[PDB]
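Throughout, read-outs are computed from the coordinates displayed, never taken from laboratory work. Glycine also receives a Cβ, built like all others from the backbone with ideal geometry; neighbour counts cover every protein chain displayed.
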Amino acid sequence: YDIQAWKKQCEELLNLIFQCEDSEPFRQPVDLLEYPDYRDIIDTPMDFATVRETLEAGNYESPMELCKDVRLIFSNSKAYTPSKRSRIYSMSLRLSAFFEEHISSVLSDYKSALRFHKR
Ligand SMILES: O=C(NCC(F)(F)F)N1CCN(C(=O)c2ccc(Cl)o2)CC1
């Protein structure tokens, strides 16, 4: 029932994500000289450095907010991909499965801790 524990849990999960080869396309923003049309399609960019920085700044209030931003990384990849069989998109799907597998307990524990706080 520790309503702060999610923050270190998210830091550790982000550390795992940065160690994963599949995260490499998603660790920083998109060079427009490499993907000129990127910001025609994607009006709300997100990457794992921005998520980590937002967390470390104290600018997430809950793991739900962090989860929203991580999911935006994946939805951006799905929206920008020219194909379901794109290498970078395929990396996004594996990393998303890994992230969802790990964030599930963080969200459950936070929400349970907040319900106990308000009991
Ligand atoms: O350029 C980058 N990342 C920045 C880096 F290269 F510095 F790491 N991306 C390429 C475009 N992105 C996609 O999600 C995507 C889906 C299908 C195809 Cl193709 O791209 C985002 C990641």
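Overview of results
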| item | result |
| --- | --- |
| Relative compactness, the chain, computed as alpha-carbon Rg over 2.2 N^0.38 Å | 1.14 |
| Full-stretch length increase - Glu65, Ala97 - with 0.36 nm per residue and alpha-carbon distance subtracted | 9.7 nm |
| 15 Å beta-carbon shell around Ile88, net charge (K/R +1, D/E -1) | -1 |
| FRET efficiency estimate (nearest 0.05) - Cβ-Cβ, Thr54 to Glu34, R0 41 angstrom | 0.95 |
| Extension gain from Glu21 to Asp43, taking 0.36 nm per residue of separation minus the Cα-Cα distance | 5.3 nm |
| Top of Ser62, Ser83, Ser75 by mean-square fluctuation, Gaussian network on the chain, Cα under 10 Å | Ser83 |
| Value at 222 nm in deg cm²/dmol, rounded to 500, when DSSP H runs of n ≥ 4 in the chain each add -39,500 (n - 2.57) | -21000 deg cm²/dmol |
| Computed magnitude of the charge dipole of the chain (debye, nearest 20; Cβ of K, R +1, Cβ of D, E -1) | 560 debye |
| Cα centroid of region 1-36 to Cα centroid of region 96-119, whole Å | 18 Å |
| The chain: relative contact order as a whole-number percent, Cα under 8 Å and 6+ apart | 40 percent |
| Spacing of the two label points (7 Å from each Cα toward its C-beta) at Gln4 and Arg119, in nm | 2.1 nm |
| In the chain, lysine pairs with alpha-carbon atoms under 18 angstrom apart (chain gap of 8 or more, or interchain) | 6 |
